[PDB]
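Trainee: File model.txt below, compact mmCIF, N, CA and C atoms and all ligand atoms:
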# COMPACT_ATOMS: atom_id res chain seq x y z
N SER A 7 75.16 93.74 147.97
CA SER A 7 74.01 94.53 148.41
C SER A 7 73.01 93.63 149.15
N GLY A 8 72.11 94.25 149.89
CA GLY A 8 71.06 93.54 150.60
C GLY A 8 70.66 94.26 151.86
N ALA A 9 69.45 93.96 152.33
CA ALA A 9 68.93 94.59 153.53
C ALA A 9 68.03 93.64 154.31
N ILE A 10 67.76 93.98 155.58
CA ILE A 10 66.77 93.29 156.40
C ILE A 10 65.56 94.18 156.43
N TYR A 11 64.34 93.59 156.25
CA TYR A 11 63.10 94.35 156.27
C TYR A 11 62.26 93.83 157.41
N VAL A 12 62.34 94.49 158.57
CA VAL A 12 61.63 94.06 159.78
C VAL A 12 60.69 95.18 160.20
N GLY A 13 59.38 94.89 160.37
CA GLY A 13 58.42 95.96 160.69
C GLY A 13 58.47 97.09 159.67
N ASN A 14 58.56 98.35 160.15
CA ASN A 14 58.73 99.49 159.26
C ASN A 14 60.18 99.99 159.23
N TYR A 15 61.14 99.05 159.37
CA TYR A 15 62.57 99.37 159.33
C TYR A 15 63.26 98.65 158.20
N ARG A 16 64.33 99.30 157.67
CA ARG A 16 65.20 98.73 156.64
C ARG A 16 66.60 98.81 157.24
N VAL A 17 67.27 97.64 157.39
CA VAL A 17 68.61 97.60 157.98
C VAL A 17 69.58 97.31 156.88
N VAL A 18 70.55 98.22 156.69
CA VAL A 18 71.57 98.08 155.64
C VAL A 18 72.96 98.30 156.20
N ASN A 19 73.99 97.96 155.40
CA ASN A 19 75.34 98.35 155.73
C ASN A 19 75.45 99.89 155.65
N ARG A 20 76.01 100.47 156.67
CA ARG A 20 76.17 101.94 156.71
C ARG A 20 76.96 102.46 155.47
N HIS A 21 77.98 101.71 155.05
CA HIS A 21 78.81 102.11 153.90
C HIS A 21 78.06 102.00 152.56
N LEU A 22 76.90 101.30 152.51
CA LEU A 22 76.08 101.16 151.30
C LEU A 22 74.74 101.91 151.37
N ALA A 23 74.50 102.67 152.49
CA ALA A 23 73.23 103.38 152.63
C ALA A 23 73.06 104.43 151.52
N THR A 24 71.84 104.58 151.05
CA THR A 24 71.49 105.54 149.99
C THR A 24 71.14 106.92 150.55
N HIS A 25 70.94 107.92 149.66
CA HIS A 25 70.49 109.25 150.14
C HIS A 25 69.09 109.11 150.77
N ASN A 26 68.20 108.26 150.19
CA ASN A 26 66.87 108.06 150.76
C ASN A 26 67.00 107.48 152.19
N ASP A 27 67.96 106.55 152.40
CA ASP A 27 68.16 106.00 153.74
C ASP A 27 68.55 107.12 154.74
N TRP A 28 69.51 107.96 154.37
CA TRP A 28 69.97 109.04 155.26
C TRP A 28 68.86 110.08 155.49
N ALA A 29 68.01 110.31 154.48
CA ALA A 29 66.90 111.26 154.59
C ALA A 29 65.73 110.76 155.43
N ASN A 30 65.71 109.45 155.76
CA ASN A 30 64.64 108.84 156.55
C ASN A 30 65.32 108.01 157.66
N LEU A 31 66.36 108.58 158.27
CA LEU A 31 67.22 107.88 159.21
C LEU A 31 66.58 107.64 160.56
N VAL A 32 66.73 106.40 161.06
CA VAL A 32 66.28 106.05 162.40
C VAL A 32 67.49 105.99 163.33
N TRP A 33 68.57 105.31 162.91
CA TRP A 33 69.77 105.10 163.74
C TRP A 33 70.91 104.68 162.85
N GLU A 34 72.14 105.11 163.18
CA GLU A 34 73.33 104.68 162.47
C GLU A 34 74.51 104.60 163.43
N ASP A 35 75.44 103.70 163.16
CA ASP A 35 76.66 103.56 163.98
C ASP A 35 77.81 103.12 163.05
N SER A 36 78.74 104.02 162.79
CA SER A 36 79.87 103.71 161.90
C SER A 36 80.79 102.64 162.48
N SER A 37 80.87 102.52 163.82
CA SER A 37 81.74 101.50 164.40
C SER A 37 81.19 100.09 164.13
N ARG A 38 79.88 99.95 163.88
CA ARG A 38 79.24 98.63 163.58
C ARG A 38 78.93 98.43 162.10
N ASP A 39 79.13 99.45 161.23
CA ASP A 39 78.74 99.37 159.83
C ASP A 39 77.24 99.15 159.68
N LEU A 40 76.40 99.77 160.54
CA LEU A 40 74.97 99.59 160.41
C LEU A 40 74.26 100.91 160.26
N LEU A 41 73.19 100.90 159.46
CA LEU A 41 72.28 102.03 159.34
C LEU A 41 70.87 101.49 159.22
N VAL A 42 69.93 102.12 159.92
CA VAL A 42 68.51 101.74 159.91
C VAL A 42 67.69 102.94 159.45
N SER A 43 66.86 102.73 158.42
CA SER A 43 65.96 103.77 157.91
C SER A 43 64.50 103.30 158.05
N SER A 44 63.57 104.26 157.94
CA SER A 44 62.15 103.96 158.05
C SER A 44 61.55 103.62 156.69
N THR A 45 60.55 102.75 156.66
CA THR A 45 59.91 102.37 155.39
C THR A 45 58.39 102.67 155.40
N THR A 46 57.82 102.85 154.20
CA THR A 46 56.37 103.05 154.10
C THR A 46 55.64 101.69 154.17
N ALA A 47 56.16 100.66 153.50
CA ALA A 47 55.56 99.31 153.55
C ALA A 47 56.25 98.47 154.64
N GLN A 48 55.50 97.58 155.31
CA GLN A 48 56.06 96.70 156.34
C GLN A 48 56.77 95.50 155.70
N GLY A 49 57.77 94.96 156.40
CA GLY A 49 58.58 93.84 155.92
C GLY A 49 58.24 92.50 156.55
N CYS A 50 58.83 91.42 156.04
CA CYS A 50 58.50 90.05 156.52
C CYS A 50 59.57 89.38 157.34
N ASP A 51 60.73 90.00 157.52
CA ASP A 51 61.79 89.32 158.25
C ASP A 51 61.58 89.36 159.78
N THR A 52 62.02 88.29 160.47
CA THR A 52 62.02 88.19 161.94
C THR A 52 63.48 88.20 162.40
N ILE A 53 63.81 89.00 163.40
CA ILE A 53 65.16 89.04 163.94
C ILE A 53 65.29 87.94 165.00
N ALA A 54 66.40 87.20 164.95
CA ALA A 54 66.71 86.16 165.94
C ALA A 54 67.02 86.82 167.31
N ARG A 55 66.60 86.19 168.42
CA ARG A 55 66.91 86.70 169.78
C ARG A 55 67.47 85.46 170.46
N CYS A 56 68.82 85.36 170.47
CA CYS A 56 69.53 84.13 170.83
C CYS A 56 71.04 84.31 170.88
N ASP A 57 71.77 83.21 171.27
CA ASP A 57 73.22 83.21 171.21
C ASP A 57 73.72 82.10 170.28
N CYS A 58 72.97 81.76 169.21
CA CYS A 58 73.48 80.74 168.24
C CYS A 58 74.83 81.14 167.70
N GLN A 59 75.64 80.10 167.43
CA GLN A 59 76.91 80.24 166.73
C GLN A 59 76.95 79.35 165.50
N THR A 60 75.80 78.84 165.01
CA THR A 60 75.76 78.15 163.72
C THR A 60 74.56 78.72 162.94
N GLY A 61 74.70 78.78 161.62
CA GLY A 61 73.65 79.32 160.78
C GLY A 61 74.02 79.17 159.32
N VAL A 62 73.34 79.91 158.47
CA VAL A 62 73.52 79.86 157.02
C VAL A 62 73.58 81.28 156.49
N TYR A 63 74.54 81.57 155.60
CA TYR A 63 74.62 82.94 155.01
C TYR A 63 74.53 82.93 153.51
N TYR A 64 74.01 84.02 152.92
CA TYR A 64 73.96 84.09 151.47
C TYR A 64 75.21 84.79 150.93
N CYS A 65 75.87 84.13 149.94
CA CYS A 65 77.06 84.67 149.30
C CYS A 65 76.72 84.99 147.82
N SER A 66 76.51 86.27 147.52
CA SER A 66 76.12 86.66 146.17
C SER A 66 77.17 86.38 145.10
N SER A 67 78.48 86.42 145.49
CA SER A 67 79.58 86.14 144.57
C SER A 67 79.72 84.65 144.24
N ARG A 68 78.87 83.80 144.84
CA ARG A 68 78.79 82.40 144.48
C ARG A 68 77.36 81.96 144.11
N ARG A 69 76.36 82.85 144.22
CA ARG A 69 74.92 82.52 144.08
C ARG A 69 74.56 81.33 144.97
N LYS A 70 75.13 81.29 146.21
CA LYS A 70 74.94 80.12 147.07
C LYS A 70 74.76 80.53 148.51
N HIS A 71 74.01 79.71 149.25
CA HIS A 71 73.89 79.85 150.70
C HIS A 71 74.81 78.78 151.31
N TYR A 72 75.59 79.16 152.31
CA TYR A 72 76.54 78.25 152.96
C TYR A 72 76.25 78.10 154.47
N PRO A 73 76.29 76.87 154.98
CA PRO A 73 76.20 76.66 156.45
C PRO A 73 77.55 76.96 157.09
N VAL A 74 77.54 77.76 158.18
CA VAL A 74 78.78 78.13 158.86
C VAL A 74 78.65 78.14 160.36
N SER A 75 79.80 77.97 161.04
CA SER A 75 79.97 78.25 162.45
C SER A 75 80.61 79.64 162.52
N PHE A 76 80.16 80.48 163.49
CA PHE A 76 80.68 81.85 163.58
C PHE A 76 80.94 82.27 165.04
N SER A 77 81.89 83.20 165.23
CA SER A 77 82.22 83.66 166.58
C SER A 77 81.15 84.58 167.17
N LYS A 78 81.13 84.72 168.52
CA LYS A 78 80.19 85.68 169.14
C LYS A 78 80.59 87.14 168.81
N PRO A 79 79.62 88.06 168.78
CA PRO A 79 79.92 89.46 168.39
C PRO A 79 81.03 90.07 169.26
N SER A 80 82.10 90.59 168.60
CA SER A 80 83.32 91.10 169.27
C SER A 80 83.88 92.36 168.56
N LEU A 81 84.82 93.08 169.25
CA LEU A 81 85.53 94.24 168.68
C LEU A 81 86.73 93.64 167.98
N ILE A 82 86.78 93.77 166.66
CA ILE A 82 87.77 93.11 165.83
C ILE A 82 88.54 94.10 164.99
N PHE A 83 89.85 93.86 164.81
CA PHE A 83 90.65 94.65 163.90
C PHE A 83 90.42 94.10 162.50
N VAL A 84 89.91 94.95 161.63
CA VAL A 84 89.67 94.57 160.25
C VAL A 84 90.84 95.06 159.39
N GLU A 85 91.52 94.16 158.69
CA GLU A 85 92.66 94.54 157.86
C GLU A 85 92.24 95.38 156.65
N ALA A 86 93.19 96.17 156.13
CA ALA A 86 93.00 96.99 154.95
C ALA A 86 92.72 96.08 153.76
N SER A 87 91.79 96.52 152.96
CA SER A 87 91.41 95.88 151.73
C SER A 87 91.73 96.91 150.59
N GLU A 88 91.33 96.61 149.35
CA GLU A 88 91.57 97.51 148.24
C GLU A 88 90.90 98.88 148.40
N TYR A 89 89.63 98.92 148.83
CA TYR A 89 88.86 100.16 148.94
C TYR A 89 88.75 100.78 150.33
N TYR A 90 89.07 100.03 151.39
CA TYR A 90 88.99 100.59 152.73
C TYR A 90 90.23 100.29 153.54
N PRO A 91 90.63 101.24 154.40
CA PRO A 91 91.80 100.99 155.24
C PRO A 91 91.48 100.13 156.47
N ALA A 92 92.53 99.75 157.19
CA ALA A 92 92.44 98.96 158.41
C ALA A 92 91.70 99.75 159.48
N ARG A 93 90.80 99.11 160.22
CA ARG A 93 90.01 99.81 161.25
C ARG A 93 89.38 98.84 162.24
N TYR A 94 88.98 99.32 163.43
CA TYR A 94 88.30 98.45 164.38
C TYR A 94 86.79 98.45 164.10
N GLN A 95 86.14 97.29 164.18
CA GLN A 95 84.69 97.24 163.99
C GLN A 95 84.09 96.47 165.18
N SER A 96 83.04 97.01 165.81
CA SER A 96 82.41 96.37 166.96
C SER A 96 81.19 95.51 166.51
N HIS A 97 80.73 94.66 167.43
CA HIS A 97 79.60 93.74 167.24
C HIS A 97 79.78 92.90 165.97
N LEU A 98 81.02 92.53 165.67
CA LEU A 98 81.30 91.76 164.46
C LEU A 98 81.53 90.26 164.78
N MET A 99 80.96 89.37 163.94
CA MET A 99 81.11 87.91 164.08
C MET A 99 81.89 87.40 162.89
N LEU A 100 82.82 86.44 163.09
CA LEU A 100 83.60 85.92 161.95
C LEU A 100 83.32 84.45 161.70
N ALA A 101 83.38 84.05 160.43
CA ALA A 101 83.28 82.64 160.03
C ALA A 101 84.31 82.38 158.91
N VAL A 102 84.66 81.10 158.70
CA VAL A 102 85.54 80.73 157.60
C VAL A 102 84.64 80.59 156.39
N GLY A 103 84.90 81.42 155.38
CA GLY A 103 84.03 81.39 154.21
C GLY A 103 84.45 82.41 153.19
N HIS A 104 83.89 82.28 151.98
CA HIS A 104 84.19 83.21 150.93
C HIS A 104 83.34 84.46 150.99
N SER A 105 83.99 85.62 150.72
CA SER A 105 83.26 86.86 150.58
C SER A 105 84.12 87.86 149.79
N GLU A 106 83.43 88.76 149.11
CA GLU A 106 83.97 89.86 148.30
C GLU A 106 83.18 91.12 148.70
N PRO A 107 83.66 92.33 148.37
CA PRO A 107 82.95 93.55 148.83
C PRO A 107 81.45 93.58 148.54
N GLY A 108 81.08 93.18 147.32
CA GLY A 108 79.68 93.21 146.90
C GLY A 108 78.78 92.24 147.64
N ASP A 109 79.37 91.28 148.39
CA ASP A 109 78.56 90.35 149.18
C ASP A 109 77.93 91.02 150.39
N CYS A 110 78.37 92.25 150.74
CA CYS A 110 77.80 92.94 151.91
C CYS A 110 76.29 93.09 151.76
N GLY A 111 75.58 92.84 152.85
CA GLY A 111 74.13 92.88 152.85
C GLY A 111 73.48 91.50 152.81
N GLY A 112 74.25 90.46 152.46
CA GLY A 112 73.72 89.10 152.47
C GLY A 112 73.31 88.69 153.89
N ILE A 113 72.15 88.00 154.04
CA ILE A 113 71.72 87.63 155.39
C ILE A 113 72.43 86.40 155.94
N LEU A 114 72.73 86.43 157.25
CA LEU A 114 73.10 85.26 158.03
C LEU A 114 71.84 84.94 158.89
N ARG A 115 71.38 83.67 158.87
CA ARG A 115 70.20 83.27 159.61
C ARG A 115 70.41 82.00 160.40
N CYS A 116 69.71 81.88 161.54
CA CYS A 116 69.74 80.66 162.35
C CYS A 116 68.32 80.14 162.49
N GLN A 117 68.12 79.14 163.37
CA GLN A 117 66.77 78.63 163.58
C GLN A 117 65.80 79.72 164.11
N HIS A 118 66.29 80.80 164.73
CA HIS A 118 65.44 81.83 165.33
C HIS A 118 65.13 83.02 164.42
N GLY A 119 65.80 83.10 163.26
CA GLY A 119 65.57 84.22 162.35
C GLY A 119 66.86 84.85 161.85
N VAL A 120 66.80 86.13 161.49
CA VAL A 120 67.96 86.83 160.96
C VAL A 120 68.92 87.18 162.08
N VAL A 121 70.19 86.81 161.93
CA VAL A 121 71.23 87.07 162.91
C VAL A 121 71.99 88.36 162.58
N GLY A 122 72.26 88.58 161.31
CA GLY A 122 73.06 89.75 160.92
C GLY A 122 73.24 89.81 159.41
N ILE A 123 74.15 90.72 158.96
CA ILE A 123 74.39 90.85 157.52
C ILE A 123 75.88 90.84 157.25
N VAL A 124 76.28 90.32 156.08
CA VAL A 124 77.70 90.35 155.69
C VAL A 124 78.20 91.81 155.68
N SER A 125 79.37 92.04 156.28
CA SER A 125 79.91 93.38 156.41
C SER A 125 81.43 93.49 156.11
N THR A 126 82.22 92.45 156.40
CA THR A 126 83.67 92.51 156.18
C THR A 126 84.14 91.19 155.54
N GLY A 127 85.40 91.15 155.10
CA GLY A 127 85.95 89.91 154.58
C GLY A 127 87.38 90.06 154.15
N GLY A 128 87.97 88.94 153.83
CA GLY A 128 89.37 88.85 153.44
C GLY A 128 90.08 87.71 154.13
N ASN A 129 91.25 87.33 153.61
CA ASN A 129 92.04 86.22 154.13
C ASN A 129 91.20 84.93 154.40
N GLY A 130 90.15 84.68 153.60
CA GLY A 130 89.34 83.48 153.77
C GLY A 130 88.31 83.52 154.88
N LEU A 131 88.08 84.72 155.45
CA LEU A 131 87.07 84.88 156.48
C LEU A 131 85.95 85.81 156.01
N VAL A 132 84.77 85.63 156.55
CA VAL A 132 83.65 86.53 156.27
C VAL A 132 83.17 87.06 157.61
N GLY A 133 82.91 88.37 157.68
CA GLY A 133 82.45 88.97 158.92
C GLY A 133 81.04 89.47 158.79
N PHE A 134 80.24 89.26 159.84
CA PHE A 134 78.84 89.65 159.85
C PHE A 134 78.57 90.66 160.97
N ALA A 135 77.85 91.74 160.63
CA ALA A 135 77.43 92.73 161.63
C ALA A 135 76.17 92.16 162.33
N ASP A 136 76.27 91.93 163.65
CA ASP A 136 75.16 91.40 164.43
C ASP A 136 74.02 92.42 164.54
N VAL A 137 72.76 91.91 164.57
CA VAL A 137 71.60 92.76 164.83
C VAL A 137 70.78 92.21 166.01
N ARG A 138 71.18 91.06 166.64
CA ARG A 138 70.36 90.42 167.66
C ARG A 138 70.24 91.24 168.94
N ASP A 139 71.15 92.16 169.19
CA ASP A 139 71.05 93.03 170.38
C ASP A 139 70.16 94.25 170.16
N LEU A 140 69.68 94.50 168.93
CA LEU A 140 68.86 95.70 168.66
C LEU A 140 67.40 95.35 168.91
N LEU A 141 67.01 95.26 170.20
CA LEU A 141 65.67 94.81 170.56
C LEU A 141 64.55 95.70 170.04
N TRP A 142 64.84 97.00 169.89
CA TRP A 142 63.85 97.95 169.41
C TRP A 142 63.40 97.70 167.97
N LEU A 143 64.14 96.88 167.18
CA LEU A 143 63.68 96.59 165.82
C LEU A 143 62.32 95.87 165.82
N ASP A 144 61.96 95.20 166.96
CA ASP A 144 60.74 94.41 167.17
C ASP A 144 59.51 95.20 167.54
N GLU A 145 59.64 96.50 167.76
CA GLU A 145 58.49 97.32 168.16
C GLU A 145 58.46 98.68 167.44
N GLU A 146 57.36 99.44 167.58
CA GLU A 146 57.24 100.82 167.10
C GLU A 146 57.79 101.04 165.68
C1 LIG B 201 82.49 91.13 152.51
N1 LIG B 201 83.54 92.14 152.45
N2 LIG B 201 83.28 93.40 152.91
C2 LIG B 201 84.36 94.13 152.60
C3 LIG B 201 84.42 95.59 152.89
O1 LIG B 201 85.35 96.28 152.47
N3 LIG B 201 83.44 96.09 153.64
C4 LIG B 201 83.41 97.49 154.04
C5 LIG B 201 83.59 97.64 155.53
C6 LIG B 201 83.25 99.02 156.04
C7 LIG B 201 82.51 99.18 157.20
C8 LIG B 201 82.21 100.44 157.68
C9 LIG B 201 82.68 101.56 157.01
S1 LIG B 201 82.41 103.17 157.70
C10 LIG B 201 80.71 103.17 158.12
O2 LIG B 201 83.19 103.28 158.90
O3 LIG B 201 82.63 104.14 156.66
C11 LIG B 201 83.41 101.42 155.85
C12 LIG B 201 83.69 100.15 155.37
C13 LIG B 201 85.34 93.32 151.95
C14 LIG B 201 86.64 93.51 151.47
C15 LIG B 201 87.33 92.43 150.93
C16 LIG B 201 86.74 91.17 150.87
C17 LIG B 201 85.45 90.96 151.34
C18 LIG B 201 84.77 92.04 151.88
ZN ZN B 202 69.47 81.45 166.95
Is it possible to give me this structure as structure tokens?
Ligand SMILES: Cn1nc(C(=O)NCCc2ccc(S(C)(=O)=O)cc2)c2ccccc21
Ligand SMILES: [Zn+2]
Mentor:
Amino acid sequence: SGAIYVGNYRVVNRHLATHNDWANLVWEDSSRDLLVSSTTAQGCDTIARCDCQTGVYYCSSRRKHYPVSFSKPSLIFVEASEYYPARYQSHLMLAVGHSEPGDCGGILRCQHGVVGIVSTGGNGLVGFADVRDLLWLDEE
């Protein structure tokens, strides 16, 4: 679990969004595993605006933050896991690292701020849903 709190927005994994998130929906895209809802209180996170390929991510299944190199956001075939079937996911970045389903929502960050959130994993890779192209998170 986990979310990004930027301005009056809450960014979560679409597959983990709550009824309150859907009832206060700003934007969602199933192909990216992202959902954005509106909040009453403002948040403290800053979104990175950059093309970094190195950063640090939080892994809840290890209680640890790990430094990683990751690929640029791409359309990737995600293999079937125990709870979800094989499917294509867009704006996804991959790194070599540990992840389990419950790690989704952990932040990946670079020197410029939040890059994305853990969204996929398996075969020793962790995938992050990018948020750096969502420029509107910075206003209104
Ligand atoms: C980190 N990590 N995550 C997963 C995982 O299954 N994520 C769900 C991926 C997912 C995205 C979008 C939808 S949608 C919006 O199309 O319904 C459903 C599912 C995973 C598995 C195995 C090891 C690691 C893992
Ligand atoms: Zn950066």
Trainee: From the options A:42, A:81, A:9, A:132, which residue's atoms come nearest to ligand LIG 201 (chain B), counting only C-alpha atoms and all ligand atoms?
Mentor: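 Of A:42, A:81, A:9, A:132, the one nearest ligand LIG 201 (chain B) is A:132, counting only C-alpha atoms and all ligand atoms.
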Trainee: Distance atom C10 of ligand LIG 201 (chain B)-atom N of residue 136 (chain A), one decimal place?
Mentor: 13.3 Å
Trainee: Return the single residue from A:135, A:84, A:143, A:121 that is closest to residue 40 (chain A), with distances computed using all atoms listed in the file.
Mentor: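 Checking each candidate against residue 40 (chain A), we get A:135 as the closest.
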Trainee: Could you tell me which of A:24, A:95, A:36, A:52 comes closest to residue 10 (chain A) if we count all atoms listed in the file?
Mentor: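 Ranking A:24, A:95, A:36, A:52 by distance to residue 10 (chain A), first place goes to A:52.
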Trainee: Please list as a count of residues only every residue within 10 Å of residue 13 (chain A), counting only C-alpha atoms and excluding residues in the same chain fewer than 3 positions away.
Mentor: 15
Trainee: Here is a test: counting all atoms listed in the file, which residue of A:123, A:43, A:133, A:78 is nearest to residue 14 (chain A)?
Mentor: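 Checking each of A:123, A:43, A:133, A:78 against residue 14 (chain A), counting all atoms listed in the file, the winner is A:43.
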Trainee: Within 8 Å of ligand ZN 202 (chain B) (counting only C-alpha atoms and all ligand atoms), which residues show up? I'd like them as an MDAnalysis selection string.
Mentor: chainID A and resid 54:61 115:119 121
Trainee: In Å, rounded to a single decimal, give me how far CA of residue 71 (chain A) is from CA of residue 96 (chain A).
Mentor: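 Straight-line distance from CA of residue 96 (chain A) to CA of residue 71 (chain A) works out to 24.7 Å.
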Trainee: Per residue of chain A within 6.5 Å of ligand LIG 201 (chain B), note the shortest atom pair and the distance in Å to one decimal, counting all atoms listed in the file, and order the rows by chain and increasing residue number, as a Markdown table.
Mentor:
| residue | atom | partner | partner_atom | distance |
| --- | --- | --- | --- | --- |
| A:20 | C | B:LIG201 | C10 | 4.6 |
| A:21 | N | B:LIG201 | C10 | 4.4 |
| A:35 | C | B:LIG201 | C10 | 5.7 |
| A:36 | CA | B:LIG201 | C10 | 3.9 |
| A:37 | N | B:LIG201 | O2 | 5.5 |
| A:38 | C | B:LIG201 | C8 | 5.9 |
| A:39 | CA | B:LIG201 | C8 | 4.2 |
| A:40 | N | B:LIG201 | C10 | 6.0 |
| A:87 | CA | B:LIG201 | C14 | 5.3 |
| A:88 | N | B:LIG201 | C15 | 6.0 |
| A:89 | C | B:LIG201 | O1 | 6.0 |
| A:90 | N | B:LIG201 | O1 | 5.4 |
| A:105 | C | B:LIG201 | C17 | 3.7 |
| A:106 | C | B:LIG201 | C17 | 3.5 |
| A:107 | N | B:LIG201 | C18 | 3.7 |
| A:108 | N | B:LIG201 | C1 | 5.8 |
| A:109 | C | B:LIG201 | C1 | 5.0 |
| A:110 | N | B:LIG201 | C1 | 4.6 |
| A:124 | C | B:LIG201 | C1 | 5.4 |
| A:125 | C | B:LIG201 | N2 | 3.7 |
| A:126 | C | B:LIG201 | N1 | 3.3 |
| A:127 | N | B:LIG201 | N1 | 3.4 |
| A:128 | N | B:LIG201 | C16 | 3.9 |
| A:132 | CA | B:LIG201 | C1 | 6.1 |
| A:133 | N | B:LIG201 | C1 | 5.9 |
Trainee: Which distance in Å separates atom N of residue 75 (chain A) and CA of residue 134 (chain A), to one decimal?
Mentor: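 So the two atoms, atom N of residue 75 (chain A) and CA of residue 134 (chain A), lie 11.8 Å apart.
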Trainee: Got a sec to tell me which of region 7-125 of chain A DSSP assigns to strand (DSSP E), as a ChimeraX atom specification?
Mentor: /A:10-12,15-19,31-35,40-44,60-65,70-75,80-84,93-102,113-116,119-125
